[PDB]
$ cat final.txt   # compact mmCIF, N, CA and C atoms
# COMPACT_ATOMS: atom_id res chain seq x y z
N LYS V 6 0.82 -1.20 0.00
CA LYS V 6 0.00 0.00 0.00
C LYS V 6 0.86 1.26 0.00
N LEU V 7 0.43 2.23 -0.81
CA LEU V 7 1.18 3.49 -0.85
C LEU V 7 0.90 4.21 0.47
N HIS V 8 1.82 5.00 0.99
CA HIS V 8 1.61 5.83 2.16
C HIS V 8 2.08 7.27 1.87
N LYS V 9 1.36 8.23 2.43
CA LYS V 9 1.76 9.63 2.38
C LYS V 9 2.69 9.95 3.54
N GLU V 10 3.79 10.65 3.27
CA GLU V 10 4.65 11.13 4.33
C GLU V 10 4.72 12.65 4.31
N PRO V 11 4.95 13.25 5.44
CA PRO V 11 4.96 14.73 5.42
C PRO V 11 6.23 15.26 4.79
N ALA V 12 6.09 16.48 4.28
CA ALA V 12 7.27 17.17 3.80
C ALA V 12 7.07 18.68 3.94
N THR V 13 8.12 19.43 3.73
CA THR V 13 7.99 20.90 3.90
C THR V 13 8.49 21.61 2.66
N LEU V 14 7.69 22.62 2.24
CA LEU V 14 8.13 23.25 0.99
C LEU V 14 9.43 24.00 1.16
N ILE V 15 10.32 23.89 0.17
CA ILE V 15 11.51 24.73 0.12
C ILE V 15 11.32 25.73 -1.01
N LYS V 16 11.13 25.24 -2.23
CA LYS V 16 10.93 26.17 -3.33
C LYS V 16 10.24 25.49 -4.49
N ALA V 17 9.28 26.13 -5.13
CA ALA V 17 8.78 25.55 -6.39
C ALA V 17 9.75 25.92 -7.51
N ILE V 18 10.11 24.96 -8.36
CA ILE V 18 11.13 25.20 -9.37
C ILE V 18 10.53 25.35 -10.75
N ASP V 19 9.50 24.57 -11.07
CA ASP V 19 8.88 24.59 -12.38
C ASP V 19 7.51 23.93 -12.25
N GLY V 20 6.77 23.83 -13.34
CA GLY V 20 5.44 23.18 -13.26
C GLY V 20 5.52 21.76 -12.73
N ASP V 21 6.64 21.09 -13.05
CA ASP V 21 6.77 19.65 -12.82
C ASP V 21 7.78 19.32 -11.73
N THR V 22 8.36 20.30 -11.09
CA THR V 22 9.44 20.09 -10.11
C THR V 22 9.33 21.02 -8.92
N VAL V 23 9.42 20.45 -7.74
CA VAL V 23 9.43 21.20 -6.48
C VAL V 23 10.55 20.69 -5.58
N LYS V 24 11.15 21.61 -4.86
CA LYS V 24 12.18 21.22 -3.89
C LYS V 24 11.52 21.18 -2.53
N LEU V 25 11.67 20.09 -1.78
CA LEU V 25 11.02 19.91 -0.49
C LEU V 25 12.05 19.49 0.56
N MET V 26 11.74 19.75 1.83
CA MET V 26 12.50 19.14 2.91
C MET V 26 11.82 17.82 3.21
N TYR V 27 12.55 16.72 3.03
CA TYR V 27 11.95 15.40 3.22
C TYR V 27 12.86 14.62 4.17
N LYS V 28 12.29 14.17 5.27
CA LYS V 28 13.05 13.50 6.33
C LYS V 28 14.29 14.29 6.70
N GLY V 29 14.14 15.60 6.87
CA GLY V 29 15.21 16.50 7.20
C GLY V 29 16.28 16.75 6.17
N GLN V 30 16.05 16.40 4.90
CA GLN V 30 17.01 16.70 3.85
C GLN V 30 16.39 17.44 2.66
N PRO V 31 17.04 18.46 2.15
CA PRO V 31 16.48 19.09 0.94
C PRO V 31 16.51 18.05 -0.18
N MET V 32 15.44 17.96 -0.95
CA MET V 32 15.46 17.01 -2.08
C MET V 32 14.68 17.65 -3.22
N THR V 33 15.06 17.49 -4.46
CA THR V 33 14.21 17.92 -5.57
C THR V 33 13.25 16.81 -5.97
N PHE V 34 11.97 17.08 -6.18
CA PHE V 34 10.99 16.06 -6.53
C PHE V 34 10.45 16.37 -7.92
N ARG V 35 10.38 15.34 -8.74
CA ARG V 35 9.75 15.41 -10.04
C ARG V 35 8.34 14.85 -9.88
N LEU V 36 7.30 15.51 -10.37
CA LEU V 36 5.97 14.94 -10.20
C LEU V 36 5.74 13.73 -11.11
N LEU V 37 5.34 12.60 -10.53
CA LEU V 37 5.11 11.37 -11.29
C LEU V 37 3.98 11.51 -12.29
N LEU V 38 4.19 10.98 -13.48
CA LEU V 38 3.20 10.64 -14.48
C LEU V 38 2.70 11.85 -15.23
N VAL V 39 3.31 13.01 -15.01
CA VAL V 39 2.77 14.14 -15.80
C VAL V 39 3.86 14.85 -16.56
N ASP V 40 3.51 15.44 -17.68
CA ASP V 40 4.42 16.29 -18.41
C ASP V 40 3.80 17.67 -18.52
N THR V 41 4.43 18.66 -17.93
CA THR V 41 3.93 20.03 -18.05
C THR V 41 4.72 20.73 -19.13
N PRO V 42 4.20 21.75 -19.78
CA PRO V 42 5.13 22.57 -20.57
C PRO V 42 6.14 23.13 -19.58
N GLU V 43 7.38 23.38 -19.99
CA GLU V 43 8.34 23.80 -18.98
C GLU V 43 8.80 25.25 -19.19
N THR V 44 9.29 25.83 -18.09
CA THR V 44 9.95 27.13 -18.22
C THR V 44 11.46 26.86 -18.39
N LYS V 45 11.90 25.70 -17.90
CA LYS V 45 13.33 25.37 -17.95
C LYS V 45 13.59 24.16 -18.84
N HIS V 46 13.10 24.20 -20.07
CA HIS V 46 13.26 23.08 -20.99
C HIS V 46 14.71 22.99 -21.50
N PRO V 47 15.23 21.77 -21.45
CA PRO V 47 16.59 21.45 -21.90
C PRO V 47 16.98 22.16 -23.19
N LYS V 48 16.05 22.20 -24.13
CA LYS V 48 16.26 22.68 -25.49
C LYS V 48 15.36 23.84 -25.90
N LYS V 49 14.08 23.81 -25.54
CA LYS V 49 13.16 24.81 -26.09
C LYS V 49 13.23 26.12 -25.31
N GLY V 50 13.36 26.02 -23.99
CA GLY V 50 13.42 27.20 -23.15
C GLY V 50 12.11 27.36 -22.37
N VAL V 51 11.37 28.42 -22.67
CA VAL V 51 10.06 28.72 -22.11
C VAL V 51 8.92 28.33 -23.03
N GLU V 52 8.36 27.13 -22.89
CA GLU V 52 7.30 26.72 -23.80
C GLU V 52 5.96 27.39 -23.52
N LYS V 53 5.04 27.23 -24.45
CA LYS V 53 3.67 27.72 -24.35
C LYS V 53 2.91 27.11 -23.17
N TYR V 54 2.32 27.88 -22.27
CA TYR V 54 1.64 27.46 -21.05
C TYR V 54 2.62 27.04 -19.95
N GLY V 55 3.92 27.13 -20.15
CA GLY V 55 4.93 26.87 -19.14
C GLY V 55 4.85 27.80 -17.95
N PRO V 56 4.87 29.12 -18.12
CA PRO V 56 4.68 30.01 -16.98
C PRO V 56 3.39 29.73 -16.23
N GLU V 57 2.35 29.40 -16.99
CA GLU V 57 1.07 29.13 -16.35
C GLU V 57 1.05 27.86 -15.49
N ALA V 58 1.65 26.80 -16.02
CA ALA V 58 1.78 25.56 -15.24
C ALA V 58 2.67 25.80 -14.03
N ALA V 59 3.75 26.56 -14.22
CA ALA V 59 4.66 26.84 -13.11
C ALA V 59 3.96 27.66 -12.03
N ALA V 60 3.16 28.64 -12.47
CA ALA V 60 2.47 29.44 -11.44
C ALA V 60 1.44 28.62 -10.69
N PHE V 61 0.79 27.69 -11.38
CA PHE V 61 -0.28 26.88 -10.75
C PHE V 61 0.32 25.99 -9.68
N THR V 62 1.40 25.28 -10.07
CA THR V 62 2.09 24.46 -9.06
C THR V 62 2.60 25.23 -7.87
N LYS V 63 3.25 26.36 -8.15
CA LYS V 63 3.76 27.22 -7.09
C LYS V 63 2.68 27.67 -6.12
N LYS V 64 1.62 28.24 -6.69
CA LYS V 64 0.54 28.73 -5.82
C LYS V 64 -0.04 27.62 -4.97
N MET V 65 -0.20 26.46 -5.61
CA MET V 65 -0.82 25.36 -4.88
C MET V 65 0.03 24.88 -3.72
N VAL V 66 1.35 24.79 -3.93
CA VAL V 66 2.17 24.34 -2.80
C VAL V 66 2.48 25.46 -1.82
N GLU V 67 2.57 26.69 -2.30
CA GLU V 67 2.87 27.76 -1.33
C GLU V 67 1.69 28.06 -0.42
N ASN V 68 0.48 27.81 -0.89
CA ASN V 68 -0.69 28.16 -0.09
C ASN V 68 -1.21 27.01 0.75
N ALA V 69 -0.53 25.88 0.75
CA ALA V 69 -0.97 24.70 1.48
C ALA V 69 -0.60 24.78 2.95
N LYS V 70 -1.38 24.20 3.83
CA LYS V 70 -1.07 23.99 5.22
C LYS V 70 -0.13 22.79 5.40
N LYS V 71 -0.44 21.75 4.62
CA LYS V 71 0.26 20.48 4.74
C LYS V 71 0.63 19.97 3.35
N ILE V 72 1.91 19.63 3.20
CA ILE V 72 2.35 18.97 1.95
C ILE V 72 2.68 17.53 2.30
N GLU V 73 2.24 16.61 1.44
CA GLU V 73 2.59 15.20 1.68
C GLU V 73 3.17 14.62 0.38
N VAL V 74 4.07 13.66 0.56
CA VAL V 74 4.62 13.03 -0.65
C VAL V 74 4.23 11.57 -0.56
N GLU V 75 4.00 10.99 -1.74
CA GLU V 75 3.60 9.58 -1.79
C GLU V 75 4.45 8.94 -2.90
N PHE V 76 5.34 8.05 -2.52
CA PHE V 76 6.10 7.35 -3.56
C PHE V 76 5.25 6.23 -4.16
N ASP V 77 5.57 5.81 -5.37
CA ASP V 77 4.87 4.68 -5.98
C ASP V 77 5.62 3.37 -5.68
N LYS V 78 5.27 2.29 -6.35
CA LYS V 78 5.85 1.01 -5.90
C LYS V 78 7.18 0.64 -6.55
N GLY V 79 7.71 1.38 -7.51
CA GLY V 79 8.93 1.13 -8.24
C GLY V 79 10.03 2.07 -7.79
N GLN V 80 10.90 2.49 -8.71
CA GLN V 80 12.05 3.28 -8.26
C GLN V 80 11.60 4.63 -7.73
N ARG V 81 12.31 5.07 -6.72
CA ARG V 81 11.85 6.31 -6.06
C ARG V 81 12.69 7.51 -6.47
N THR V 82 13.78 7.28 -7.22
CA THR V 82 14.52 8.45 -7.73
C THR V 82 14.81 8.29 -9.20
N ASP V 83 15.04 9.37 -9.95
CA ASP V 83 15.35 9.17 -11.38
C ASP V 83 16.87 9.34 -11.56
N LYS V 84 17.31 9.34 -12.81
CA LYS V 84 18.76 9.38 -13.06
C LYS V 84 19.39 10.71 -12.67
N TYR V 85 18.61 11.76 -12.43
CA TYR V 85 19.14 13.04 -11.98
C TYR V 85 19.06 13.20 -10.48
N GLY V 86 18.67 12.12 -9.80
CA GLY V 86 18.67 12.26 -8.33
C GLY V 86 17.35 12.81 -7.82
N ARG V 87 16.38 13.04 -8.72
CA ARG V 87 15.12 13.65 -8.21
C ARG V 87 14.16 12.60 -7.69
N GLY V 88 13.50 12.85 -6.55
CA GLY V 88 12.47 11.96 -6.03
C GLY V 88 11.33 11.86 -7.02
N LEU V 89 10.71 10.70 -7.15
CA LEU V 89 9.62 10.47 -8.09
C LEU V 89 8.38 10.23 -7.23
N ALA V 90 7.45 11.22 -7.21
CA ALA V 90 6.38 11.04 -6.23
C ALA V 90 5.08 11.74 -6.66
N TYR V 91 4.02 11.32 -6.01
CA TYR V 91 2.76 12.09 -6.11
C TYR V 91 2.81 13.09 -4.97
N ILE V 92 2.48 14.35 -5.24
CA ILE V 92 2.59 15.38 -4.22
C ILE V 92 1.20 15.89 -3.86
N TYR V 93 0.88 16.01 -2.58
CA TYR V 93 -0.47 16.40 -2.16
C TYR V 93 -0.43 17.74 -1.42
N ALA V 94 -1.33 18.68 -1.74
CA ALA V 94 -1.36 19.97 -1.03
C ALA V 94 -2.72 19.97 -0.30
N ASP V 95 -2.69 19.99 1.03
CA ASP V 95 -3.93 19.83 1.80
C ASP V 95 -4.81 18.71 1.28
N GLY V 96 -4.25 17.51 1.08
CA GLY V 96 -5.08 16.42 0.60
C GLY V 96 -5.38 16.36 -0.86
N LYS V 97 -5.04 17.37 -1.65
CA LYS V 97 -5.34 17.39 -3.07
C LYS V 97 -4.10 17.05 -3.90
N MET V 98 -4.19 16.05 -4.77
CA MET V 98 -2.95 15.73 -5.52
C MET V 98 -2.60 16.80 -6.54
N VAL V 99 -1.38 17.36 -6.45
CA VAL V 99 -0.99 18.37 -7.43
C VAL V 99 -0.89 17.80 -8.82
N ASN V 100 -0.43 16.53 -8.88
CA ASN V 100 -0.30 15.98 -10.23
C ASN V 100 -1.63 15.94 -10.99
N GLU V 101 -2.65 15.52 -10.24
CA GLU V 101 -3.99 15.44 -10.84
C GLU V 101 -4.54 16.84 -11.10
N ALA V 102 -4.34 17.74 -10.14
CA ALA V 102 -4.89 19.10 -10.38
C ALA V 102 -4.36 19.68 -11.65
N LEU V 103 -3.07 19.48 -11.97
CA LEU V 103 -2.53 20.05 -13.20
C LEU V 103 -3.17 19.45 -14.44
N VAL V 104 -3.39 18.13 -14.42
CA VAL V 104 -3.95 17.45 -15.58
C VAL V 104 -5.42 17.87 -15.74
N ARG V 105 -6.13 17.95 -14.61
CA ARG V 105 -7.56 18.31 -14.69
C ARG V 105 -7.77 19.70 -15.27
N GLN V 106 -6.82 20.61 -15.11
CA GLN V 106 -6.85 21.96 -15.62
C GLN V 106 -6.31 22.15 -17.03
N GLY V 107 -5.86 21.07 -17.66
CA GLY V 107 -5.25 21.18 -18.96
C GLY V 107 -3.89 21.83 -18.95
N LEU V 108 -3.16 21.70 -17.84
CA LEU V 108 -1.83 22.29 -17.78
C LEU V 108 -0.72 21.23 -17.74
N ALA V 109 -1.08 19.99 -17.98
CA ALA V 109 -0.17 18.85 -18.09
C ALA V 109 -0.86 17.73 -18.86
N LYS V 110 -0.07 16.89 -19.52
CA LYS V 110 -0.52 15.69 -20.19
C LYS V 110 -0.09 14.49 -19.36
N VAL V 111 -0.76 13.36 -19.48
CA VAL V 111 -0.25 12.17 -18.77
C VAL V 111 1.02 11.77 -19.53
N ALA V 112 2.11 11.50 -18.85
CA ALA V 112 3.40 11.19 -19.45
C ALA V 112 3.44 9.75 -19.94
N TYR V 113 4.52 9.41 -20.65
CA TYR V 113 4.76 8.02 -21.02
C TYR V 113 4.89 7.19 -19.76
N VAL V 114 4.17 6.08 -19.59
CA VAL V 114 4.21 5.49 -18.25
C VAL V 114 5.20 4.34 -18.18
N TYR V 115 5.89 4.22 -17.05
CA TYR V 115 6.87 3.15 -16.88
C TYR V 115 6.52 2.32 -15.65
N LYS V 116 6.05 1.10 -15.89
CA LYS V 116 5.67 0.21 -14.78
C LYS V 116 6.90 -0.12 -13.94
N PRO V 117 6.76 -0.39 -12.65
CA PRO V 117 5.48 -0.37 -11.95
C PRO V 117 5.14 0.98 -11.29
N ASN V 118 5.70 2.06 -11.81
CA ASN V 118 5.32 3.37 -11.22
C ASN V 118 4.09 3.87 -11.97
N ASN V 119 2.98 3.18 -11.71
CA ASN V 119 1.80 3.56 -12.51
C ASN V 119 0.55 3.45 -11.66
N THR V 120 0.68 3.48 -10.35
CA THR V 120 -0.53 3.28 -9.54
C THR V 120 -1.67 4.24 -9.84
N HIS V 121 -1.46 5.54 -10.01
CA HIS V 121 -2.60 6.43 -10.25
C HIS V 121 -2.80 6.72 -11.71
N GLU V 122 -2.29 5.88 -12.63
CA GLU V 122 -2.36 6.19 -14.04
C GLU V 122 -3.80 6.29 -14.57
N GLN V 123 -4.67 5.36 -14.24
CA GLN V 123 -6.03 5.44 -14.79
C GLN V 123 -6.77 6.68 -14.29
N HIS V 124 -6.63 7.01 -13.01
CA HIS V 124 -7.21 8.24 -12.47
C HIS V 124 -6.79 9.50 -13.20
N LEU V 125 -5.48 9.65 -13.42
CA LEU V 125 -5.02 10.82 -14.15
C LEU V 125 -5.51 10.85 -15.58
N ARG V 126 -5.55 9.66 -16.22
CA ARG V 126 -6.00 9.64 -17.60
C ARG V 126 -7.49 10.02 -17.72
N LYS V 127 -8.22 9.67 -16.67
CA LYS V 127 -9.62 10.12 -16.63
C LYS V 127 -9.69 11.64 -16.51
N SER V 128 -8.88 12.25 -15.63
CA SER V 128 -8.91 13.72 -15.57
C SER V 128 -8.48 14.38 -16.85
N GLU V 129 -7.48 13.75 -17.51
CA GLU V 129 -7.03 14.33 -18.73
C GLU V 129 -8.12 14.25 -19.81
N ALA V 130 -8.86 13.16 -19.82
CA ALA V 130 -9.92 13.06 -20.85
C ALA V 130 -10.94 14.18 -20.66
N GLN V 131 -11.23 14.45 -19.40
CA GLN V 131 -12.17 15.54 -19.07
C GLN V 131 -11.64 16.89 -19.47
N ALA V 132 -10.35 17.14 -19.16
CA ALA V 132 -9.82 18.45 -19.57
C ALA V 132 -9.83 18.62 -21.07
N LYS V 133 -9.66 17.50 -21.80
CA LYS V 133 -9.65 17.61 -23.26
C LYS V 133 -11.06 17.91 -23.79
N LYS V 134 -12.04 17.29 -23.14
CA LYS V 134 -13.46 17.51 -23.50
C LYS V 134 -13.82 18.95 -23.22
N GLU V 135 -13.31 19.53 -22.14
CA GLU V 135 -13.64 20.89 -21.74
C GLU V 135 -12.81 21.90 -22.51
N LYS V 136 -11.92 21.35 -23.34
CA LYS V 136 -10.97 22.18 -24.09
C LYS V 136 -10.20 23.17 -23.24
N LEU V 137 -9.63 22.73 -22.11
CA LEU V 137 -8.92 23.68 -21.26
C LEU V 137 -7.45 23.88 -21.62
N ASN V 138 -6.97 25.11 -21.64
CA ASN V 138 -5.54 25.46 -21.73
C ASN V 138 -4.78 24.72 -22.81
N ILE V 139 -3.96 23.70 -22.54
CA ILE V 139 -3.28 22.92 -23.55
C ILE V 139 -4.22 22.44 -24.64
N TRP V 140 -5.46 22.18 -24.24
CA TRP V 140 -6.39 21.56 -25.18
C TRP V 140 -7.32 22.56 -25.84
N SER V 141 -7.05 23.86 -25.73
CA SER V 141 -7.97 24.83 -26.31
C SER V 141 -7.60 25.11 -27.76

$ encode --input "final.txt" --output "structure tokens"
Amino acid sequence: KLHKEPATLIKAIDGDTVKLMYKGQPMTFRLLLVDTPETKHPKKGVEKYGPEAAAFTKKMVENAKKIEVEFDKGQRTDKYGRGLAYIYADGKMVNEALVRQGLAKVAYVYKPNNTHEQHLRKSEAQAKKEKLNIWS
């Protein structure tokens, strides 16, 4: 069973990345299963809807009382050292909130880190139907 653990915000970095204090250590976290347009893209730079996704993530974590992280059942870090997790702001998953708003797509999935995949894909289908942001 997945479990939520507490964490403390340090800094929001981009739509898809936040730095948190986790078990008393600063760590960078990549949000599992979503791809946001980025402000810090390796090659493109500032993509379309990137500032918007970045502001949404930032506001959501900065205004939270409680941040929780939930790892999935497979690897917990990626090749850059970033934690791979679902992030919750007052009980609300940030990963899902971004997809539901049309500010992220469901990413290419890699088993077994796929526990909330069907849920996110359902939110994404709804955002596409509503033609929100990325889908407008």

$ closest_residue --input "final.txt" --among "V:19, V:122, V:129, V:75" --to "residue V:45" --atoms "all atoms listed in the file"
V:19

$ atom_distance --input "final.txt" --atom1 "atom CA of residue V:93" --atom2 "atom CA of residue V:136"
25.0 Å

$ residues_around --input "final.txt" --residues "residue V:52" --least-positions-apart "6" --cutoff "7 Å" --atoms "only N, CA and C atoms" --output "list in words"
residues 42, 43, 44, 45 and 46 of chain V

$ residues_around --input "final.txt" --residues "residue V:86" --least-positions-apart "6" --cutoff "8 Å" --atoms "all atoms listed in the file" --output "count of residues only"
4

$ atom_distance --input "final.txt" --atom1 "atom CA of residue V:13" --atom2 "atom C of residue V:50"
27.4 Å

$ axis_aligned_box --input "final.txt" --around "stretch 15-29 of chain V" --padding-each-side "3 Å" --output "lines of an AutoDock Vina configuration file"
center_x = 10.9
center_y = 19.8
center_z = -3.1
size_x = 16.8
size_y = 18.7
size_z = 26.5

$ select_by_dssp --input "final.txt" --residues "chain V" --states "strand (DSSP E)" --output "PyMOL selection string"
chain V and resi 9-19+22-27+30-36+39-40+72-76+88-94+97-98+110-111

$ closest_residue --input "final.txt" --among "V:111, V:66, V:23, V:89" --to "residue V:39" --atoms "all atoms listed in the file"
V:111

$ closest_residue --input "final.txt" --among "V:12, V:48, V:36, V:113" --to "residue V:91" --atoms "all atoms listed in the file"
V:36

$ closest_residue --input "final.txt" --among "V:96, V:56, V:47, V:20" --to "residue V:72" --atoms "only C-alpha atoms"
V:96

$ build_atoms --input "final.txt" --residues "stretch 90-115 of chain V" --atoms "N, CA, C and O atoms" --output "JSON list (two decimals), in the frame of the given file"
[["chain", "number", "residue", "atom", "x", "y", "z"],
["V", 90, "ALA", "N", 7.45, 11.22, -7.21],
["V", 90, "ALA", "CA", 6.38, 11.04, -6.23],
["V", 90, "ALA", "C", 5.08, 11.74, -6.66],
["V", 90, "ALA", "O", 5.10, 12.59, -7.54],
["V", 91, "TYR", "N", 4.02, 11.32, -6.01],
["V", 91, "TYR", "CA", 2.76, 12.09, -6.11],
["V", 91, "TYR", "C", 2.81, 13.09, -4.97],
["V", 91, "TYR", "O", 3.17, 12.73, -3.86],
["V", 92, "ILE", "N", 2.48, 14.35, -5.24],
["V", 92, "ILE", "CA", 2.59, 15.38, -4.22],
["V", 92, "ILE", "C", 1.20, 15.89, -3.86],
["V", 92, "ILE", "O", 0.52, 16.15, -4.85],
["V", 93, "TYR", "N", 0.88, 16.01, -2.58],
["V", 93, "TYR", "CA", -0.47, 16.40, -2.16],
["V", 93, "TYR", "C", -0.43, 17.74, -1.42],
["V", 93, "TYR", "O", 0.47, 17.90, -0.59],
["V", 94, "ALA", "N", -1.33, 18.68, -1.74],
["V", 94, "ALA", "CA", -1.36, 19.97, -1.03],
["V", 94, "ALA", "C", -2.72, 19.97, -0.30],
["V", 94, "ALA", "O", -3.72, 19.90, -0.99],
["V", 95, "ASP", "N", -2.69, 19.99, 1.03],
["V", 95, "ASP", "CA", -3.93, 19.83, 1.80],
["V", 95, "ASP", "C", -4.81, 18.71, 1.28],
["V", 95, "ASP", "O", -6.01, 18.88, 1.04],
["V", 96, "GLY", "N", -4.25, 17.51, 1.08],
["V", 96, "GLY", "CA", -5.08, 16.42, 0.60],
["V", 96, "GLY", "C", -5.38, 16.36, -0.86],
["V", 96, "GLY", "O", -5.92, 15.35, -1.36],
["V", 97, "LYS", "N", -5.04, 17.37, -1.65],
["V", 97, "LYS", "CA", -5.34, 17.39, -3.07],
["V", 97, "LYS", "C", -4.10, 17.05, -3.90],
["V", 97, "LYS", "O", -3.11, 17.77, -3.75],
["V", 98, "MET", "N", -4.19, 16.05, -4.77],
["V", 98, "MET", "CA", -2.95, 15.73, -5.52],
["V", 98, "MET", "C", -2.60, 16.80, -6.54],
["V", 98, "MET", "O", -3.36, 17.17, -7.47],
["V", 99, "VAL", "N", -1.38, 17.36, -6.45],
["V", 99, "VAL", "CA", -0.99, 18.37, -7.43],
["V", 99, "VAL", "C", -0.89, 17.80, -8.82],
["V", 99, "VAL", "O", -1.21, 18.46, -9.80],
["V", 100, "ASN", "N", -0.43, 16.53, -8.88],
["V", 100, "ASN", "CA", -0.30, 15.98, -10.23],
["V", 100, "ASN", "C", -1.63, 15.94, -10.99],
["V", 100, "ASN", "O", -1.70, 16.26, -12.18],
["V", 101, "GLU", "N", -2.65, 15.52, -10.24],
["V", 101, "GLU", "CA", -3.99, 15.44, -10.84],
["V", 101, "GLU", "C", -4.54, 16.84, -11.10],
["V", 101, "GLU", "O", -5.18, 17.04, -12.14],
["V", 102, "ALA", "N", -4.34, 17.74, -10.14],
["V", 102, "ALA", "CA", -4.89, 19.10, -10.38],
["V", 102, "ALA", "C", -4.36, 19.68, -11.65],
["V", 102, "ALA", "O", -5.08, 20.37, -12.42],
["V", 103, "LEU", "N", -3.07, 19.48, -11.97],
["V", 103, "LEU", "CA", -2.53, 20.05, -13.20],
["V", 103, "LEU", "C", -3.17, 19.45, -14.44],
["V", 103, "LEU", "O", -3.47, 20.11, -15.44],
["V", 104, "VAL", "N", -3.39, 18.13, -14.42],
["V", 104, "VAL", "CA", -3.95, 17.45, -15.58],
["V", 104, "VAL", "C", -5.42, 17.87, -15.74],
["V", 104, "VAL", "O", -5.89, 18.11, -16.84],
["V", 105, "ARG", "N", -6.13, 17.95, -14.61],
["V", 105, "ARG", "CA", -7.56, 18.31, -14.69],
["V", 105, "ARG", "C", -7.77, 19.70, -15.27],
["V", 105, "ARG", "O", -8.82, 19.93, -15.88],
["V", 106, "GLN", "N", -6.82, 20.61, -15.11],
["V", 106, "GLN", "CA", -6.85, 21.96, -15.62],
["V", 106, "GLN", "C", -6.31, 22.15, -17.03],
["V", 106, "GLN", "O", -6.25, 23.30, -17.51],
["V", 107, "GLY", "N", -5.86, 21.07, -17.66],
["V", 107, "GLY", "CA", -5.25, 21.18, -18.96],
["V", 107, "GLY", "C", -3.89, 21.83, -18.95],
["V", 107, "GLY", "O", -3.51, 22.46, -19.94],
["V", 108, "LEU", "N", -3.16, 21.70, -17.84],
["V", 108, "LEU", "CA", -1.83, 22.29, -17.78],
["V", 108, "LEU", "C", -0.72, 21.23, -17.74],
["V", 108, "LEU", "O", 0.42, 21.60, -17.47],
["V", 109, "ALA", "N", -1.08, 19.99, -17.98],
["V", 109, "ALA", "CA", -0.17, 18.85, -18.09],
["V", 109, "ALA", "C", -0.86, 17.73, -18.86],
["V", 109, "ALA", "O", -2.08, 17.61, -18.87],
["V", 110, "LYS", "N", -0.07, 16.89, -19.52],
["V", 110, "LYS", "CA", -0.52, 15.69, -20.19],
["V", 110, "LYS", "C", -0.09, 14.49, -19.36],
["V", 110, "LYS", "O", 0.90, 14.64, -18.64],
["V", 111, "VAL", "N", -0.76, 13.36, -19.48],
["V", 111, "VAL", "CA", -0.25, 12.17, -18.77],
["V", 111, "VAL", "C", 1.02, 11.77, -19.53],
["V", 111, "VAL", "O", 1.00, 11.77, -20.75],
["V", 112, "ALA", "N", 2.11, 11.50, -18.85],
["V", 112, "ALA", "CA", 3.40, 11.19, -19.45],
["V", 112, "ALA", "C", 3.44, 9.75, -19.94],
["V", 112, "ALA", "O", 2.52, 8.98, -19.66],
["V", 113, "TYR", "N", 4.52, 9.41, -20.65],
["V", 113, "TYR", "CA", 4.76, 8.02, -21.02],
["V", 113, "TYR", "C", 4.89, 7.19, -19.76],
["V", 113, "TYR", "O", 5.66, 7.56, -18.86],
["V", 114, "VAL", "N", 4.17, 6.08, -19.59],
["V", 114, "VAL", "CA", 4.21, 5.49, -18.25],
["V", 114, "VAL", "C", 5.20, 4.34, -18.18],
["V", 114, "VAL", "O", 5.36, 3.58, -19.13],
["V", 115, "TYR", "N", 5.89, 4.22, -17.05],
["V", 115, "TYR", "CA", 6.87, 3.15, -16.88],
["V", 115, "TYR", "C", 6.52, 2.32, -15.65],
["V", 115, "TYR", "O", 6.66, 2.77, -14.51]]
